[PDB]
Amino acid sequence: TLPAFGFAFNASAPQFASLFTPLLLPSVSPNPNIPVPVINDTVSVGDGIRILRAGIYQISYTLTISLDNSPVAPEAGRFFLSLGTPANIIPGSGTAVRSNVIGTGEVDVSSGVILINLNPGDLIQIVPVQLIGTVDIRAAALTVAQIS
């Protein structure tokens, strides 16, 4: 009837990125007056959203990244959405951010609005696939919405 969707976000604690480890996304209720899980025929598992309904989806993410975590190594990261397992990354969902100097403050990342065929049991997660030094994820959010 209504399209399937899910929204999971982290606005409660920064997290350090860890190679191929899905990002923690504990919250599903963004409305500050009337919070309610914005979840329909999906499942938020704590570090991702599981598909329950076959179809075409828009999936996307946002990250806030601080690159000031080292005194000697300029920091960088490459991020993707993964399908099923962290290694099974989705081409077209990739982003990158890299600083050649130490002490770089927050920068913003957003993926494209990725349109993709998904199937029941598909677990969509945000994964770092390459990290240069320590990367501080100040906040993150993952969006799943059925188009067809």
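For every residue, the number given is its place in the sequence shown, counted from 1.
- Note on the listed residues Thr64, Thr95, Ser60, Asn69: the highest Cα temperature factor in the record is that of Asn69.
- In the deposited entry, the Cα temperature factor of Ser110 places it in the lowest third of its chain's modelled residues.
- Among the modelled residues of the chain, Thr134 sits in the highest third by CA temperature factor in this PDB entry.
- Sort the modelled residues of the chain by CA B factor and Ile102 lands in the highest third.
- For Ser82, the recorded CA temperature factor ranks within the middle third of the chain's modelled residues.
- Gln15: CA B factor in the middle third of modelled residues in this chain (values from the PDB entry).
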